[PDB]
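Peer 1: Give me the fold of what follows.
(one chain, ligands or ions: 1)
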Amino acid sequence: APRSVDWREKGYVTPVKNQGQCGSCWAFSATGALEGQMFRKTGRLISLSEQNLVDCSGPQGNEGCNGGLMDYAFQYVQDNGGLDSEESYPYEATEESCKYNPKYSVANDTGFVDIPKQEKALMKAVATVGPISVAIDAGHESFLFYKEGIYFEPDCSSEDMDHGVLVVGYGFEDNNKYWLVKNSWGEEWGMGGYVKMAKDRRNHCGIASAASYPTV
Ligand SMILES: *C(=N)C1(NC(=O)[C@@H]2C[C@@H](S(=O)(=O)c3ccccc3Cl)CN2C(=O)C2(c3ccc(C)cc3)CC2)CC1
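Peer 2: Residues are numbered from 1 along each chain as shown. Now the structure:
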């Protein structure tokens, strides 16, 4: 694979968003992934409604501001015939009743792909597909106060993930490789909203344990 990849450069990635005081990280990872694949398809980068996901994907298994899965959001989009743009269906950081307007929809998917549970398979996907939804163990306070550099937490779990985020690329700066990850905690956290997560250090924080992307 290429030694470095950055989808931000190719226009696949919207600016950093802020989930606020609602546990909807899964909705940001999913829109992030769909934004990428839609752009790969249409050449138009259009921001997407996390609120549409939060309010409307209960049937598929999601729990609004209490958590959910990226794949359940991707299944919702396939079930629903589409997803509203962020412009039309704005983010409120609260669970309210559903409001999908089929006319205001700018995206769709034909399903999703679950990537094999290794960093090699993740790298293959990131290099060839675009941005990838991933689960990480973000439970450690080191992650909360992350500012710069390659994030390495010795106590991280490869199997116990609690935060959905988006891999937009990877690179290198011993133990010098990283995944470039877009978070949804706004631009004042980490590196303008991003974190470099240790790569090829035995699936650090579980970054390859539940990686997926939508098919468009
Ligand atoms: C985000 N603000 C928040 N975390 C989650 O919603 C997080 C998102 C997924 S995941 O951690 O990426 C994950 C974990 C295991 C397997 C697949 C995936 Cl995609 C689920 N999340 C969770 O925190 C858990 C969860 C699982 C299912 C449901 C319905 C709700 C939560 C606890 C695993 C909310 C803090």
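
Peer 1: Regarding the nearest residue in space to residue 182 that is not next to it in sequence, what is its secondary structure?
Peer 2: Nearest non-adjacent residue to residue 182, counting by CB to CB, 6 or more residues apart in numbering: residue 166, 4.3 Å away. (Each C-beta comes from the backbone N, C-alpha and C, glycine too.) Using DSSP: H, G, I helix; E, B strand; the rest coil, the structure places residue 166 in strand.

Peer 1: For residue 105, give me its contacts.
Peer 2: 81, 82, 83, 84, 85 (CB atoms under 8 Å, 6 or more residues apart in numbering).

Peer 1: Highest neighbour count among those?
Peer 2: If you count neighbours using other CB atoms under 10 Å, the busiest of these is residue 83, which has 29 neighbours.

Peer 1: ok now do the residue nearest to the spatial centre of the chain, which residues does it touch?
Peer 2: What sits nearest the mean C-alpha location of the chain, by CA atoms, centre = their mean, is residue 29, with 2.4 Å. If you count contacts by CB under 8 Å, 6+ apart, residue 29 has them with 70, 133, 134, 164, 165, 166, 184.

Peer 1: The ligand: which of those residues is nearest?
Peer 2: Of all these, residue 164 has the smallest distance to the ligand: 3.6 Å, by CB to the nearest ligand atom.

Peer 1: secondary structure element for the residue nearest to that closest one when sequence neighbours are not counted?
Peer 2: Nearest-residue entry for residue 164: residue 29, 3.7 Å, with adjacent residues in sequence omitted and distances by CB to CB, 6+ apart. In this assignment (DSSP states H and E), residue 29 forms part of helix 25-42.

Peer 1: and the following helix or strand past that helix, what does it pack onto?
Peer 2: As assigned by DSSP H and E, the chain's next helix or strand after helix 25-42 is helix 50-56. Under the contact criterion of 3 or more CB pairs under 8 Å, 6 or more residues apart in numbering; DSSP states H and E, helix 50-56 touches helix 25-42, helix 70-80, strand 83-84.

Peer 1: Tell me which residues touch the nearest residue in space to residue 46 that is not next to it in sequence, please.
Peer 2: Computed as CB to CB, 6+ apart, the closest residue to residue 46 that is not its neighbour in sequence is residue 106, at 5.0 Å. Each residue near residue 106 by CB under 8 Å, 6+ apart is listed here: 38, 46, 48, 82, 83, 84, 85.

Peer 1: Likewise for residue 23?
Peer 2: 65, 66, 67.

Peer 1: Likewise for residue 143?
Peer 2: So residue 143 contacts 151, 153, 195 (CB under 8 Å, 6+ apart).

Peer 1: Go again with 10 Å.
Peer 2: Contact partners of residue 143, counting by CB atoms under 10 Å, 6 or more residues apart in numbering, are 136-137, 151, 153, 156, 163, 183, 185, 189-190, 195, 197, 205.

Peer 1: so what's the backbone phi/psi at residue 193?
Peer 2: phi 110, psi -10 (degrees, to the nearest 10).

Peer 1: how far off helix 70-80 does the helix holding residue 29 point, in degrees?
Peer 2: 60 degrees (axes from the mean of the first three to the mean of the last three CA atoms, to 10 degrees).

Peer 1: rewinding a little: deepest of the helices and strands packed on helix 50-56, which one?
Peer 2: Highest mean neighbour count of those: strand 83-84, a mean of 26 (counted as mean count of other CB atoms under 10 Å).
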